[PDB]
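Here is the structure we will look at.
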Amino acid sequence: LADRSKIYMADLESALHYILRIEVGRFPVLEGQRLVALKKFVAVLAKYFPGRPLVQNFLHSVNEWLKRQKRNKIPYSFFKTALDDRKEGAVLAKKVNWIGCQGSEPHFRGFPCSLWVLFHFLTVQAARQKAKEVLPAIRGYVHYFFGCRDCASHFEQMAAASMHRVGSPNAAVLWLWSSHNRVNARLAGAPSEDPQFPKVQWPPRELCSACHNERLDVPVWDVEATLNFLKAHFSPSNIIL
Ligand SMILES: Cc1cc2nc3c(=O)[nH]c(=O)nc-3n(C[C@H](O)[C@H](O)[C@H](O)COP(=O)(O)OP(=O)(O)OC[C@H]3O[C@@H](n4cnc5c(N)ncnc54)[C@H](O)[C@@H]3O)c2cc1C
């Protein structure tokens, strides 16, 4: 019975944990563009993740450690040691804990849900203002580290198709939002859909009524109202600690 209108810090910190210990850990060696993508994304986290003091200090420490590695190749084992030295387990957690991303069954929702939330939050933080590097950094992360390539593939299809049209932080926020809805549409009512959390064109009317237009002559979404709702929804004040 989580509040669909809130953001739970637990989902965000679990996402970070999963990213650093699981997704990045799938590669014995981090090099080339994958390493560049990791550094750009961590730089984005260090600056835009809405973390508590200990977590923000942790991200800055990891960010700086990465910036110092002059080498072109970084063994994951070496990165794991850096995480351990910076007590990520104490700062974040040992096991994931989903609240707003809790699937009705283990295989439903979870990390993928937390990743979307994290991504949207990063775009909004950048718009309540490097900033221009948020969406590319997110694209970079999805391409080089995101587990389910099925999930990834569909995201990259959208990026090349239009991510290049994004010319501002606000546009980037809306781009990710609408791109997420295009994914929602294809997944709606699918055999893989969590029955307890049906896919819909988000935000639904009960969440944001002004975001929705009435005429079949005017667009479905009120882009201005939607932008404001997004800035309000993905904000530090809307996070439950
Ligand atoms: C880049 C990317 C590509 C993916 N591609 C696929 C794929 O091709 N196939 C497949 O099976 N799975 C894919 N997934 C997974 C999928 O999108 C879901 O994350 C998953 O099915 C869990 O769905 P969910 O219902 O819990 O909510 P999610 O879609 O994970 O949503 C997280 C939450 O964010 C909010 N939200 C919903 N829509 C929006 C929106 N438009 N804008 C802002 N916030 C929103 C809601 O509060 C919701 O509970 C992908 C994930 C990512 C991050």
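Numbers and lists here come from the model and the stated rules, or from a named source; no laboratory instrument gave them. Ideal geometry is used to build each Cβ from the backbone, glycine not excepted, and the neighbour counts take in all protein chains shown.
So that you can scan it fast, the table gives a plain yes or no per residue for (1) surrounded by fewer than 18 Cβ atoms within 10 Å (Cβ to Cβ); (2) basic (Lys, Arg); (3) in the same structural domain as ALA37 (by CATH); (4) within 19 Å of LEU122 (Cα to Cα):
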{"position": "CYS151", "(1), (2), (3), (4)": "yes, no, no, no"}
{"position": "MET163", "(1), (2), (3), (4)": "no, no, no, yes"}
{"position": "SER179", "(1), (2), (3), (4)": "no, no, no, yes"}
{"position": "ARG186", "(1), (2), (3), (4)": "yes, yes, no, no"}
{"position": "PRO195", "(1), (2), (3), (4)": "yes, no, no, no"}
{"position": "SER209", "(1), (2), (3), (4)": "yes, no, no, no"}
{"position": "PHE234", "(1), (2), (3), (4)": "no, no, no, yes"}
{"position": "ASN238", "(1), (2), (3), (4)": "yes, no, no, yes"}
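Of all residues in segment 169-197, those that are within 13 Å of the ligand (Cβ to nearest atom) and either under 20 Å from the mean Cα position of the chain (by Cα) or not in a loop (DSSP other than H, G, I, E, B) (or both) total 19.
Residues in segment 132-168 that are acidic (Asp, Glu) and closer than 17 Å to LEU115 by Cβ were compared, and the one that is nearest to the ligand (Cβ to nearest atom) is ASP150.
Within segment 198-209, residues that are more than 16 Å from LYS231 (Cα to Cα) and near the ligand (Cβ under 8 Å from one of its atoms) have Cβ atoms under 6 Å from residues that are of a type outside the set (A, V, I, L, M, F, W, C) and not in a loop (DSSP other than H, G, I, E, B) in these pairs: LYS199/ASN184; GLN201/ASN181, counting only partners at least 6 apart in sequence or on another chain. Of the listed requirements (1) surrounded by 14 or more Cβ atoms within 10 Å (Cβ to Cβ); (2) away from the ligand (no atom under 16 Å from the Cβ); (3) among the polar types (S, T, N, Q), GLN129 misses just one: (1).
Determine, yes or no, whether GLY100 is within 16 Å of the ligand (Cβ to nearest atom), in contact with a strand residue (DSSP E or B) (Cβ under 6 Å, 6 or more places away or on another chain) and within 23 Å of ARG4 (Cα to Cα). Yes: the conditions hold for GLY100. Just one of the numbered conditions (1) closer than 16 Å to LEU12 by Cβ; (2) assigned by CATH to the domain that holds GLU224; (3) more than 16 Å from the ligand (Cβ to nearest atom) is not true of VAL124: (3). Taken as a whole, segment 229-236 holds no residue that is under 27 Å from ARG21 (Cα atoms), away from the ligand (no atom under 11 Å from the Cβ), touching a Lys or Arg at 6+ places or on another chain (Cβ under 6 Å) and not aliphatic (A, V, I, L, M).
Residue check: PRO106 meets all listed conditions (1) in a loop (DSSP other than H, G, I, E, B); (2) under 17 Å from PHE49 (Cβ atoms) but one, namely (2).
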